[PDB]
Each structure stands twice: as C-alpha cells, then as structure tokens.
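Sequence, then structure. It's an experimental one.
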Amino acid sequence: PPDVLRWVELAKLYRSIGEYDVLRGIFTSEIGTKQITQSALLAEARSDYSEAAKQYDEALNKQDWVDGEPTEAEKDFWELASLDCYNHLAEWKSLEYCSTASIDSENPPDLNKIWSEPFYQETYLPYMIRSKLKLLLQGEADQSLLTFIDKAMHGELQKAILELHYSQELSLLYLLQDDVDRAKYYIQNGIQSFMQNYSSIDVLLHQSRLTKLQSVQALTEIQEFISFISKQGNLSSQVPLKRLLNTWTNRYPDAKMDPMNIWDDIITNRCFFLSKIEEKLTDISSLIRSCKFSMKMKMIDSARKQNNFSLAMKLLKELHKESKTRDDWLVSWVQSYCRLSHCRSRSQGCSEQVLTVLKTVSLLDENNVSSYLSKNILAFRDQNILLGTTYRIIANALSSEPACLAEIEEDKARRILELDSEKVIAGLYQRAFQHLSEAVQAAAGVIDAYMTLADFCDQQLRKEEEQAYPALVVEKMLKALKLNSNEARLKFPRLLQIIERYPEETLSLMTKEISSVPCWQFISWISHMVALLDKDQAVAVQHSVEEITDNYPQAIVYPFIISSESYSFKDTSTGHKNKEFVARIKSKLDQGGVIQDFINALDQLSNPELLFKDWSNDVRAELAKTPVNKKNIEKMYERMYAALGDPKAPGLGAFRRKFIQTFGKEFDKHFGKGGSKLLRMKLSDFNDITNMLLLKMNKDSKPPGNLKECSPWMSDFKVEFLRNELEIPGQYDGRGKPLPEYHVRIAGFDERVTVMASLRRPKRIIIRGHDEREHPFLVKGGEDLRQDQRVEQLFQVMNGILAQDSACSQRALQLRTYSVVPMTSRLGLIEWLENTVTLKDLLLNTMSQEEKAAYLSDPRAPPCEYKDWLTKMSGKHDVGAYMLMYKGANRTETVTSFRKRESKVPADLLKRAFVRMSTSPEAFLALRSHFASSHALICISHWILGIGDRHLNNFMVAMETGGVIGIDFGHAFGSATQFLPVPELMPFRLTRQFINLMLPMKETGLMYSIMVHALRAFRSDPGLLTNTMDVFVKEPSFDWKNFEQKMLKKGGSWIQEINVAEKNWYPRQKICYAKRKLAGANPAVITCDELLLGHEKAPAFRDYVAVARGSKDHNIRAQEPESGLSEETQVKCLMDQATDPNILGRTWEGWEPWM
C-alpha cells in the first residue's frame, strides 16, 4: 500500500535527527496490529533493552500465531528494532549473526551480495561493519573483514561509498597492521567530512548537531595517538606516557548527559591504544592496567546512572576476575555492586524487592573486612551506610505488605529469621540502627553520612506518629548544615517542627548547636523564623536573627513588616523579654527611614475606586457574624481614613498624590455623612448608601496617572549620599555567601505608567538600575502575595529534581519560574518577562476577521450554545442549573452535544498560528517540538500538587521559542474541585487544538514520553518534595480566612453557605493525598475522595462520583485497580481523564473546555 510505506519513510526521516519520540509514536499507531509490538515498545521506552529484545525473537521465529499474519511492513521492522536493541547494550557476539543472516542462509557470502539490491545496503551494512569492527577490537584472529575490505576496495561503486562514509573504522583497521601513512590520510579525510557535514546541517536543529559534535573526542584521540607514537621522544622514556595518561584520565565525557555508546567508543579505543603502546615500548604495564581498570570503573558508574542496568551487570561480570589482585579493587567492586542492587530495587514490586537485595548479603561475609576496613575508614563508613540501607530496604518493603511474605520461599524466610513474625520487623530496624549508629562514630563524603541518619530517624518518627531519637536528629543534622549543603539546607522546618512537638527534649542544646553557624543560609527560611518570634519558644532563634540583622540588614526587612503587622505577645516573665528584643530589632533596622518611604511610594500609586471595595467587603462581613466583638470598627477606620478622606489626611500622611486632588477633594460632601453617622454606626441596616456611593465613584473619566505623576516621590528619586540606598528587591536566595556590594542598587524611574488588563488592573513600572538594564516590573497592591512566593519555591525545588534523572536532563526538561516579592502584606511586586503573549489572545488574533466574528457574536457560537444547553437541560436561566444538569443528562447525549458544539471552531488554529510566523520548514519543527515538550512538562507538574483552574489566560507563550508559561497560582493543593459550586474534575487541559497540533500523529508520541520521564523522575526519591509540601501547609497564613478573602477578591461565584469549610481543612489530609498519588494511586480514586470530602450531602453526588469514577465500557480509568500502579498506566488513565466528553461536557462555562 502507499500509506504504510510512507509511515516507514517518515520513520526513516525522523530516525536520523535523534527525535526518538515521534519515531515510536508511529510504531504503535500504524505499524502495529499485534500485542508483542506494544509490549516491547512500552518496555523499550525506559532503558529496559534486554526484555524488549528478548520478545523480538519470540515475534520473528514464532510459527502459528493465527489471528491474521504479521503484515508486510513489520516483519522487517522487528529485525531492525532488534538490531537497535542489540546495539544499545553490549551485544557483540549476538549481533554479527543477526545482521548477516538475512541475505543468504548456510554461512552467507558477505562479500558482494550487499552491493546488489541496495535495500541490503542502507539498513544492514552499517550495523554489520560496526559489529565486525567492534568484535575485531577485543582480541581474536576472526579473519573476516580485511578480506571483504581488500576485495571490495576496487571500483567506483564499491569504493566510492566505503571511504566516503566511514574512514575512522578504516583508520583503526589499517592501524591494526601498523601501516600508518594511508591510515593518517583516512583520518584526515574523516575530519574534513565532519567539517563539511557539520556545516551542512541547519543551525537550530538541535540534537542533530549534538549527535554530530559528540564524536570529535574520538577522532582527536585517534589523531593524538597516531602523532604520538610516530613522533620520536615518546618510546625512549616514560614521562610522555605519564603526562599523556594524566591528560587522558581527566577527559571523560560527563555522566548523566551523553549516552552509553559514546562511552563504549572512547573506552574501547583507549584500552586498545594502551595495549598498542605497551606492545611497542615493551614497571611499564602495572600503571597501564590500573588506569585501564579505573577508566572501566568510571564506565560502570556512569552506566548505572541512566537506568542502563544490564550493560552495567555484564561489565561487572567482565571485571570480576580483574579486581582480585588486592582488597581495595574488590571493595570498589562490591561498592558498585551493592549500589547497583540498591538503585536496582527502586522500581519493582514487593516480592522481587526483597529477592533483588537478599543476594547482596552473602558476599559481605567475604574478604576485605579484616585489616582493610579497620585502617581504611572511609569505605568502612560507606559500608556501614549501605548495610544499614540494606536492612532498611528489606524491612521497608516487608512492612507495607504486612505478613504476606513469610508464607513462601522457605530458605529465604529462614535466612531472614536468622538475623516471632512481628518483633522481627523492629529487630531488623534495630539491626540497621546498629550500623547506622556506628556510621557517625566512624570533605563532602560525610554530609551523606549525617543525612542518612537524619532521614532514617525522620521516617522512623513519622512511623511513630501512630526513645532518644530526637536528640539524634538535631545535632547530627546541624553539624552537616554547618557545612555547605543543598539537602540539609532544604531540611530546616523538620527541625523547627520536631522542636515544637518534642519540646522538653533538647531545647537549649538546639541553641548550643545553632550558635556556631554561618548565618547566611537561613535567608530562604527567614519567613519561618520571623513568625516564630511572636509565639512561645522563640528563645532558640534570637542570636541568629540578630546576626542577620547586623551583617546583612537588607535581606530581612520586607520579612519584618509582614510579621509585625500581626503579632500579639505573651504576658509571663519569659514572655516579656520578647517584646523588648523585637523592639530592639525594630529600632536597629529601618534607621534611614527610606525603606518605609519606598513601601509608601509603591503603595501610593494604586487605583482608589477599586480600593474602596476591599473596605466594603471587609466591613460588610465583620459586623454580621456576631455583634459582640468590641473595638473593631473604631480600630479599623484609621486604616481607611489615614489613606482616604480629606486631602489634609495624606498631606500629613505621605505626600501629594495627584489623584487625591480629584478624590480626597471630591469626598468631603459624602464624607460629612460618614462623620455624622458612619463613624459611629455599629448597626447593619443600610448598606445601599455605601453601594450607591461606590456607584457614584464608579465610571470616572481618567483613573490612571498617564505619567509617573501618580506618585511624585519617585519621578525624581536622585540618590545623594550615604543615606541607605534602596537595593532593588528580590535577591539573596540561599546558595552561598551573598556579596551586597555587587547587587543592583536602584537609581531612577521612568515617566510612563501602563495598566494591565487583568481583573484588578495592575500597573507596570520601568525602573532603572545602577548598571543600566532597565528592569520592568508589575505592582500588586491589595493581594497577599506569599502564596505565589511559596509555589515558586516549590517549582524551584521541583525543577531541581528534574535535572538529575538522566532521561529528563538529556531532553533538558525545566520549568520556567519568575520572581515575585511581597513587600508588606497586601502589597507586592511581580516580575515581567519581556516579549510574551497570552494563550487566549494568540488563538484569538490568529483567526480571520469572520471566524472570530462567528466565535464571538452569534447564538451558534459554543458559548451561547452551552448556555442554551444548560438552560434547557435544567430549566432555569441562571447559575445553579449545574446542580440539575448532572441529574438530567446521560452519557450518550452529552457527548453528541459536545461534538456538535466543538465542531464549530476551526481546528486549524495553533497550526495556522505557527505557520503565520514560522517562515521556514526547518523552523516549524523547533517551534512546535518545544511547545509540545513544555506543555507536557507543565501539565504533569501541575498535578502532583494539584493546581486547579487552568483556564485560558493562565498560560503564556513566548514568541521567540513558542514555550508556555504557567502563572496565576490560586488553588495550590487540591482545593478547586471541592469548594467551587460546580467542580473541576480534569487533572489538566488537553482540549481540541492542543491535539490538532499533532495530526496525523495520535497523542502517544511526544506528549507521552515526556510525561512518563517526568513522573518517573518525581517518584523515585527520598521525599524532598514530600517534606516541602509537608511544611508549606503547616505555616499559618491560610486557616480558611485569607483563603475565603482571596476567593472574594475576584468577585464571583463563591459567596457563602459553607458550614464545614471552617472545620474540614485538616492539613493531615492534603499531605496524605499527595503522598498517595506520588506513591502510586489511581487518578479516579483521588478525585472521588476529594469530591467526597467537600461535597457530601449535595443533591447531585451520584453523578459526581459517576463521572469521576469511570464506565468500564469505553473509558480506561475504570478497568484498573486502585493502588500499586505503574507510571504508564497512571498517565494513561490521566490522559483519558483529561479528554473525555463525559467530563468536559460537564464543567464551567468560562473555563473553556472546548477551545
């Protein structure tokens, strides 16, 4: 057929530019029609190339398999993919046969049969000659290849190909017989071909150029050895060998970023070179043997770190005779082995989990224990660490499955009980603690030793939440945090919660350990120590806060206004010195009086008409809950009057704001009424006059400033002398010792204000710097911007996680964070990245003048159609029809209506949007591949902490690289799907256009291996993300109060009728749920549990649990169990949940689920 070989040639094109995701995106959609195809591609996605090749010979050789026949396009693809999956690991002997055995049978003539039918030439010859040269380079006679080379090296057909393409294999071939003149000619033609090829590629096709550029080390190592032995003063001595070995032994490629066949090229070339120089200059070889072993051990340790396991295991087997001259080479051997089994166990089930670590117990009664690990103490420390970790791993898996392992494998159970049935679990915990308590008794090789005790005792105490360990946590964590850590630096609120919940245990010794500290690491945890001053037990952290306020007094200022806007002290004798200490710090900071002038400057440019409504909704709900609260209106009216009122009030307050001439002048007539009654109302009877006064101030002709004259302090800043310079906000973020003399000091503003078209209308200011990089910014007054600061701290630890799992780093996965700063409470600055467009306006201005016209203005538009659908399926013309549409509609009517309403917008919208500005078909690839990879990463990372409300304008593309920005974080942990009237059940947003950027590829090509590599990068870790989620939700800013207030800032759907919302917050629940869907959980269980905890006793709860629950006919989220899953199954149920017209027919009318 025509349209199957076109898929074979799209595979042949997309295979050559790296691009292995959309390669496997067609080997399941079109060249499929089996089960072994999916069951080997789904196990070749991860680096499991010893099972996905094992079930290829059981798809070729089969005999019967009758339900059709493996069709004419895949019986060859199985052989080719078997060749790739044989090459990616070291299969040398089993490659030559399966590469030769399809041109002729019974020992084929591999001499001229390839040169006829050139279908044998492109796809069989490269792996053939590569396998043959590699198996030449390990030591035999083998006598097969030189003869084909000499025979074929005559002609123009059989010689104008083999030297145009290869040249480097040929170069090694000729140096196998030491004729080093034409071989040097061949390597010179190799370098010339590389330069012309690298010139021929386009510039922005990344990973093609990387795959080219990863080879010049191989070429130059060939060239350096050729001109090393052929030059004279090298075989007469040993010191050129010594300098050449020292410059060799540094220049490995990196781990974690360059795949394993380049390591195999360079190490095989190098060891063959070393045997050649030991042959020519014939101690001379013990140095060479040791350097060869160390290079192979580096090869092994980098082979472990990308989940390339069997390629490490066979190398351990090739090395096992080698490391037996002395004890230390075995202790490196067994170190690598135990590390290999330890990382090997971390993705399996449970019964195999004990078995895959139980084998590494017997070989630790082995040698190198007596008189080696008693004078060499550092590997002894590592030995204690891995042993304690071993028994920890056994008892950690053995206690989830409670007793279901001591019923089988009788010798294994007797070997376990060698070292009843329930005291053995705590006995093996204790048997780990013997070695881990020897660990601290026996740089940068001890930070791990301290931190492993730290998290063993931490998980042990969170097991005891259902013994003198809390004195082992604090000293042994802080004596490593005194060193530079980036793991203990992220584990400070663990100390600051073990100390509160374990108060009498080691409280002054905590002060004795935190005393001698470098006081420049806590500058990220400053907002969790300046809220510790007000409560009891602030005496452990007073000297450290004094040290910050004396050394670096600017990096604590804006974390003091927020913590002294609300503080109420104790009244006992120990609770009296704290107000003295706080007043001392308050009067030893802000001495210049210019920082509060700055905050008042950035306060006095807001919009006042949208500022009075905050007082309106702050006093209309204070007096109407219980009229027993005293001195609360007379004590809040100064915060309204000292800003707004008579224009003598700011004339005493800050300075002449030019809008007050039209506002504070204007409201004396309708503030005489306030002085007569509203200064003394206390009554709650008549709010219509305040609402019509809001209407009276509404619809002004010019609210904005139209210059910087909305705050004349700032138009003429003009620094004069040593008067406490301002030091522009948003720096000092952990990470070494900050040098304040090089930070940017703000030195001028610009005379243009621009208003943003958000709901609250913020403003954009163009503030300069003392280095002239005129930084723009955004002002946000009247919203508590600590929550966005928290989620950007989350994203910083999150995409620190995403740069260590190597399959994520080789595609370079990274979130895009942007800096937000809360100056005081309800006033803060937002960064503003230049040159970015919102998603909804990109899709809008891409459309023609008439498609946008019939999308905006017609009843056949999908908005008005959804409106009529809702008012006819329920009956009423308003909101609240969602309560009855769930119970008046069925699974086969909603889907048909959803297709009829989504077939109105043109599906050629993101594609035409990129066509309009791409201007080259070599730029369309890299302007669509980066959109798809970035959108996949943000939709998997907006789910582990489930950030609901991903509607249109909360995404921002960047017109230089087409990448999406995620902004506007309101509902951090799973809380949008509870408290709203009609919830949001979908885990992210994949509507129509985000799929029609991928036709004809079905949505398993590029948006799937990104998601699986991200989710496997998250859940294999000790729980840093779990602990930072744990300590975010136990920091008091959000005990439903500021929550409901920011719910009502944007005036909308949520109003009242709560009654459990003051009672079912429960931060024991949200960390339980994130621990569940990070430790394996069905994504229909979690939406049902979250929907039960906030929508019990609703009228339509059955429809809610139905649409979340599944159907078992069509939808794959129902046919799976509820626990213990795998990553591809999680993301398959997740992808079904995101687009399923059972769900997206029933969601919010402004959330835009169609477009």
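Received, thanks. Residues are numbered from 1 along each chain as shown.

Phi, psi for residue 1135 please.
phi -70, psi -30 (degrees, to the nearest 10).

Show the contacting residues for it.
Contact analysis of residue 1135 by Cβ atoms under 8 Å, 6 or more residues apart in numbering lists 990, 1003, 1008. Bear in mind the C-beta positions are built from the backbone N, C-alpha and C, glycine included.

which among these gets closest to residue 775?
residue 990 (35.6 Å; Cβ to Cβ).

Excluding covalently adjacent residues, which one is nearest to that closest one?
residue 1138 (4.5 Å; Cβ to Cβ, 6 or more residues apart in numbering).

Quick check: the one you found touching residue 988?
Yes: between residue 1138 and residue 988 there is a contact at 5.6 Å, judged by Cβ atoms under 8 Å.

what sits in contact with each of these two?
Common neighbours of residue 1138 and residue 988 (Cβ under 8 Å, 6+ apart) are residue 939.

Using TSV, lay out the contacts of residue 1135 together with secondary structure and distance to residue 750.
Below are the contacts of residue 1135 laid out as TSV (DSSP: H, G, I helix; E, B strand; the rest coil; distance: Cβ to Cβ, whole Å):
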residue	secondary structure	distance to residue 750
990	coil	42
1003	coil	46
1008	coil	47
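
Give me the buried entries from these.
990, 1003, 1008 (16 or more other Cβ atoms under 10 Å).

Which of the residues you listed lies at the shortest distance from residue 602?
Nearest member of these to residue 602, counting by Cβ to Cβ, is residue 990, at 39.8 Å.

My understanding was that the closest one contacts residue 939; is that so?
Yes: Residue 990 is within contact range of residue 939, at 7.2 Å (criterion: Cβ under 8 Å).

intersection of neighbour lists for these two?
residue 1138.

Measure how far stretch 655-663 is from the centre of its chain, please.
Relative to its chain's centre, stretch 655-663 lies at 47 Å (Cα atoms, centre = their mean, to the nearest Å).

scratch that, stretch 583-598 is what I was asking about
39 Å.

now stretch 163-176
Taking mean C-alpha positions (Cα atoms, centre = their mean), stretch 163-176 and its chain are 44 Å apart.

can you list contacts of it?
Taking Cβ under 8 Å, 6+ apart as the rule, stretch 163-176 contacts 129-130, 133, 136-137, 145-146, 149, 162, 180, 182-184, 186-187, 189-190, 193, 218-219, 222, 226, 269, 272, 276.

all helices of the stretch 501-650 of the chain, in order?
508-514, 543-551, 558-561, 577-588, 595-603, 612-619, 637-641, 649-653 (DSSP state H, counting those that start in this stretch).

between the ones you listed, which one is nearest to residue 1120?
helix 612-619 (45.5 Å).

Keeping just the C-alphas, turn the closest one into PDB.
Only the C-alpha atoms of helix 612-619 are listed here, as PDB (Å, rounded to 0.1, in the frame of the first residue of the first chain):
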ATOM      1  CA  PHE A 612     -12.800  51.100  48.400                       C
ATOM      2  CA  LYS A 613     -14.500  47.800  47.600                       C
ATOM      3  CA  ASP A 614     -11.900  46.000  49.700                       C
ATOM      4  CA  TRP A 615     -13.100  48.000  52.700                       C
ATOM      5  CA  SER A 616     -16.700  47.300  51.600                       C
ATOM      6  CA  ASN A 617     -16.200  43.500  51.600                       C
ATOM      7  CA  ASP A 618     -14.000  43.800  54.700                       C
ATOM      8  CA  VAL A 619     -16.700  45.600  56.800                       C
END
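
List the buried residues of stretch 153-171.
Quick answer for stretch 153-171 (16+ other Cβ under 10 Å): 161-162, 166-171.

show me what contacts the residue nearest to residue 803 when sequence neighbours are not counted?
By the measure of Cβ to Cβ, 6+ apart, the closest residue to residue 803 outside its immediate chain neighbours is residue 809, 5.5 Å from it. Neighbouring residues of residue 809 by Cβ under 8 Å, 6+ apart: 256-257, 802-803.

what's the most distant pair in the residues you listed?
Applying Cβ to Cβ across these, the maximum distance is between 257 and 802, 13.8 Å.
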